[PDB]
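Sequences listed follow chains L and D, in order. Numbering-wise, full-length UniProt numbering comes out as the position in the first sequence, counting from 1, plus 41. Numbering-wise, full-length UniProt numbering comes out as the position in the second sequence, counting from 1, plus 41.
Protein chains: 2
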Amino acid sequence: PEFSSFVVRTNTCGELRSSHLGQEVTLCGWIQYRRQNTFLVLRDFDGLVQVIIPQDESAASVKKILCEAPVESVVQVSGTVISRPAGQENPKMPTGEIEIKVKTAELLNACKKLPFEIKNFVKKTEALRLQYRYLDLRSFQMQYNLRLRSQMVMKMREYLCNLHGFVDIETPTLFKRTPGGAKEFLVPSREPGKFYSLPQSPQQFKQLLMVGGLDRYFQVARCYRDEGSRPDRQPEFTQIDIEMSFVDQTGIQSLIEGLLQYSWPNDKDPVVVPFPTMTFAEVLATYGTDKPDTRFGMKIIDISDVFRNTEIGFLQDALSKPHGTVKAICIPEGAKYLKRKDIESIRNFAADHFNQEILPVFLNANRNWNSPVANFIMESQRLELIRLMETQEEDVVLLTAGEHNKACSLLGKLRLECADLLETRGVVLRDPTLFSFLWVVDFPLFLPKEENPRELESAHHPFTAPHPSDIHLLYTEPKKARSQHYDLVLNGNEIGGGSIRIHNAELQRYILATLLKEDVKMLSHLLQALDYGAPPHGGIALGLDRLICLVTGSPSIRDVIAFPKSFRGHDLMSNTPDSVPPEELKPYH
Amino acid sequence: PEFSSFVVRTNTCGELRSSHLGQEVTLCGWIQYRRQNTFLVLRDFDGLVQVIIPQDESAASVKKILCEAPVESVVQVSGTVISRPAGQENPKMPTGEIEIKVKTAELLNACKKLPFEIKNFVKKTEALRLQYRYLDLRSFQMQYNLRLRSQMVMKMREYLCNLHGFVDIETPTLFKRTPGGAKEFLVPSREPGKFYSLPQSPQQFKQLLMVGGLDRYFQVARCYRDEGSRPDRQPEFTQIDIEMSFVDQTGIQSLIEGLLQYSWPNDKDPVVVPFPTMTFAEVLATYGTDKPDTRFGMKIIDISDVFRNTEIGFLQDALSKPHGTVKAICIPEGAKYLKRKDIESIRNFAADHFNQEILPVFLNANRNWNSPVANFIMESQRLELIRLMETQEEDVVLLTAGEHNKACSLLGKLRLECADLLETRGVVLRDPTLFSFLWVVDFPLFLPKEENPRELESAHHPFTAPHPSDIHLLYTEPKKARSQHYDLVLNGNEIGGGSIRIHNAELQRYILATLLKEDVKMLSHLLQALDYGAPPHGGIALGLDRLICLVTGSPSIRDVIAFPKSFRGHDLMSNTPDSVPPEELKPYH
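Okay, structure coming up:
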């Protein structure tokens, strides 16, 4: 990396070290702060270095402007690199062993009082940080974020296009509306009555581009969302769209693995070898949501087998319904971390979420000092629950009973409860420092609402290859047939998702037929391409702003975006979306 | 490049060579054509290879489907690589020394009669090629084009982000309208009365991002244009937007040079070391347009000095007006290449373009057999015009007289006439196989119309650093002051352009003041960033579709685009822009 080059400058401010002692250099940057007549600190985007204000008869004309420069202004300074006298060194900053002795200077631009503290990476005000964003970008935070994004994305670009031979293909933005997932933004055309609509994602051209050769396609595409429901999320975001020809699920499953591994920032942590997978059934059961945390490690396990006996009233009626069961989660070290008080909050959480009894069994630590109903369970099944739940010296097992799904959802939310609990007043088991990736496969193909069941709906995408599994459960009993759709989850977030799009229009035809007709208006152009010898093809979308936010550890995805828009568009920096004089509506309608 | 990998396949169809003899391989692809029971040819995106239909008792079930596959369908075929028997070899194709012997097969997808010839890279019907585009993409032409684009662009991405340390920064698309250059597309927002507008180019954020640190910015941005007149080339196109901090003109002048050199496709021709530059004055004078061909070399030169004497009536009145002059161009070898007939077309071209007498002087070859008026000029000034025009054995000089600008424009278009003439019925002096680049600097800062001169206008961009040159010609006599704006021209095209945007709002203020006021509504947010200590900064835009078209030698820029739109939007493949039921206008207005 040449860095500062093709410019009048040498050696960006922060790169100077002892190696540069004695070297003549002319560097330019911003004025951070100074102490009276003695000091100056220049700051580039990179680091910052210390410039000593020359005090002399010959250098007085230089000292003039160097001390006349306002708060943070742009100055070019030329001089020689010298080592800081004696123990003046500042190990806290990289340039700290050296200072720069001015020869000449000049004032590139001045500035007025700026309502921001650039030193501390500002302070948290969204309104102000955004209104002044061109200022805020100077902060080392925005700098680190945007530079990370650029870097990592470009390394992905390398992994795909250079390494594995994809092609960077730009699909058009302004296009026709395909109302499968959600409604789209409209864009009036000069020709009256007819107008384009921004795409939700380049999933339309996903099939076509695969039909047209191009064995490997990839794009970073700007996708747009008009959201009636949540004014919070961005009006536009960025996705890495990947599509491959002649590939199974396991293949692209490895593709994203190698992609994230190669692209991983190298600054913070490595990533891991192939990501553990799981089935929609298995995550929904053993976690309680399809997007679990997984670094947590608090597992839902089924102990019902030891409860066949023990006719205690609670578990009795639980084992009754043919769909009923009794499961549990084990919170580690919770035996003594949480006070005996805040477990009553866990019990109270029953009331919050779909009220159901949760039983705090202490089978080892604080034993007999707790567990009023569970004292019998402890004194009866202790060793067995030690084996099953796999507990430790100080541990506590939350024990619930009811329907499979109901109890799974319960313990699922409740382990999160144990997270946000055990982290305060103690150790935190979930740190934004480390990362856990999990594959979620075998999702349902169809789901019933919002019209009265069943007009169904497409699970995720209208065209999704069903896990072959006789394939016919489609016709026999839909919603009972699964798909090849997959989701990548990173630390409880959906980082990306996709499916194996289905070829051979024969299959497509009737799925669209049960779903609805006259949709053939829209999609006959696509199914046509299906009858033109479309190859088997599948791919995945990767939310970029999401992944980059997650990796930078930012509070919101607006910290990983150059000029984001808070709260239903409305960029706070410039007035927009704004009105406009009527004669500007004239060329359209 | 791993190429075919992460998939069930080995060895993409076209890569197989003698090196692969005996290697077991399973490859999948498209069926191009076959001869009866004997032959098959599979085609990947890459090359194509020859599959021999096995005829046997054990292989009959394979021969069944392999001969049952329709015209062009998708088949996977597994077998062993063998050499073609004896002299069956086909040196015309890369896989031609080998064929592939089937072991097993299967039919991935079939197809119906497709109204296209994929072998010959179709035939020219824009309507059909576009309507069926997902088909047309299979053609080796679209393949080469899109793959070239992806490749080269990605290498530019390397040169900037990897090599010289730029940052890839996505500026928002939906935004507020800044009606400097042209009107923009509008996009209705869920909140009634106020709506966004697509950007013409990320030139807005060009200043801000430079204010905010990020010493080097770059982006490939989708720029949307709406031109009511003249609407031929499509609404959206790709640009490479570059902006640097603390850089002169000469710097980025070298930047784009290194960029194009590093990025040059390597397939066709090298590029050249630093591009020859020229001044707007000099190109307009010695070429006749700011975008000359330069590989051509037919120069406009001023011979008026030898015409002070020689009171011949024609040149007489020409030397009369204080702004009048008599200039000429010399077409080489034209003396005998063109017939004595088609020079009457050059003379007739007077009538076509702003009718003015052009005089075909033959001063050497076919002498005295031509030049009715010019025979005197020849017999008088011959040696002198030999020196001046620098002619050769067989040469002919086109001689015109009139206003400086008028005659310059004339000979400017007329050398192109001599190009398209001398190339047919003879040698072609302009070959796409070679590229010529030229820098055009020192453009005017201001130009008078369309309101009555002078309400002026911004030459190119409102904020453009004037070539310092006392700077004050702004106030004294505007339109007489030049700028630092630059244009890159490649083979008579404007490949890219930009300027050094101006810092220090002091200067900006009055330029915007003379131009117009209440524009401060829009741009006070920008000039604010000018008073916040914006560094000196400058950059350039690079038309991507243009450059890629020019390098691939395509007829139109729609051959370098995945899914282009011909003739005022209207993608021919899908119906768009289209109308839409009234209740879909309801959420907006």
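Yeah, the Cβ is synthetic: ideal placement off N, Cα and C, and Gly gets one too.
Close Cβ partners of residue i (< 6 Å) along its chain, the five nearest in sequence each way excluded
i, result
"D/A415", "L400 and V402"
"L/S345", "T366 and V367"
"D/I283", "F259, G580 and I581"
"L/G533", "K332 and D334"
"D/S45", "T53"
Exposure of residue i, with buried meaning 16 or more beta-carbon neighbours within 10 Å
i, result
"L/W410", "exposed"
"D/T517", "exposed"
"D/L426", "buried"
"D/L626", "exposed"
"L/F395", "exposed"
Cβ-Cβ distance between residue i and residue j below 8 Å
i, j, result
"D/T351", "D/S421", "yes"
"L/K332", "L/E65", "no"
"L/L239", "L/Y200", "no"
"L/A151", "L/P111", "yes"
"L/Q397", "L/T441", "yes"
"D/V90", "D/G55", "yes"
"D/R76", "L/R198", "no"
"D/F487", "D/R174", "no"
"D/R190", "D/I598", "no"
"D/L81", "D/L57", "no"
"D/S304", "D/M193", "yes"
"D/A146", "D/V118", "yes"
"D/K235", "L/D619", "yes"
"D/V438", "D/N186", "no"
Amino acids of chain D, ordered along the chain, whose beta-carbon sits closer than 7 Å to that of residue i
i, result
"L/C590", "Under the 7 Å cutoff, chain D gives no residues; its nearest Cβ is about 14 Å from L/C590."
"L/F246", "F604"
"L/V208", "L187, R188 and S191"
Proximity test, residue i beta-carbon vs the ligand GTP heavy atom, cut-off 7 Å
i, result
"D/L588", "Judged by which ligands are present, the structure shown has none, so any question about the ligand GTP falls away."
Proximal chain D residues relative to residue i, where beta-carbon distance stays under 8 Å
i, result
"L/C202", "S191, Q192 and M195"
"L/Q184", "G254 and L255"
"L/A575", "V115 and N150"
"L/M285", "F47 and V48"
Spatial neighbours of residue i in its chain, beta-carbon cut-off 7 Å, leaving aside the 5 residues before and after
i, result
"D/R125", "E138, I139 and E140"
"D/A575", "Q248, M251, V252 and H544"
"L/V481", "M319, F321, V324, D331, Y527, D528 and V530"
"L/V122", "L57, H61, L62, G63, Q64, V66, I139 and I141"
"D/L176", "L155 and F157"
Neighbourhood of residue i by C-beta distance below 8 Å, restricted to the same chain and skipping five residues each side
i, result
"L/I353", "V414, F417 and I418"
"D/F226", "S238, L239, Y265, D267 and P276"
"D/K377", "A406, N407 and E435"
"D/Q73", "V82, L83, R84, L89, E113, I159 and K160"
"L/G538", "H501, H526, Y527, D528, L529, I581 and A582"
"L/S361", "none"
"L/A570", "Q248, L249 and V252"
Partner residues on chain L for residue i, Cβ-Cβ distance less than 9 Å
i, result
"D/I552", "Result: empty, since nearest Cβ-Cβ is about 17 Å, beyond 9 Å."
"D/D289", "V48 and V49"
"D/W71", "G254, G574 and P576"
"D/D85", "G254 and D256"
Contact set between residue i and chain L, taken where Cβ atoms lie within less than 8 Å
i, result
"D/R231", "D267, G269 and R609"
Partner residues on chain L for residue i, Cβ-Cβ distance less than 7 Å
i, result
"D/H544", "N150"
"D/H508", "Those within 7 Å of D/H508 in chain L number zero; the least Cβ separation is about 17 Å."
key: Contact between the stretch 156-168 of chain L and the stretch 119-136 of chain L (3+ Cβ pairs under 8 Å)   = no
query = Would the stretch 304-322 of chain L and the stretch 205-221 of chain L be scored as touching if the rule is three or more Cβ pairs under 8 Å?
reply = no
inquiry  = Using a Cβ distance threshold of 8 Å, determine whether the stretch 446-464 of chain D contacts the stretch 496-508 of chain D, with at least three qualifying pairs required.
reply    = no
query = Would you call the stretch 601-615 of chain L and the stretch 286-294 of chain L in contact, with 3 or more CB pairs under 8 Å?
reply = no
inquiry  = Please list, in chain order, the residues of the stretch 611-626 of chain L that have any C-beta partner in chain C closer than 9 Å.
reply    = The question asks about chain C, but that chain is absent: this structure's protein chains are L and D.
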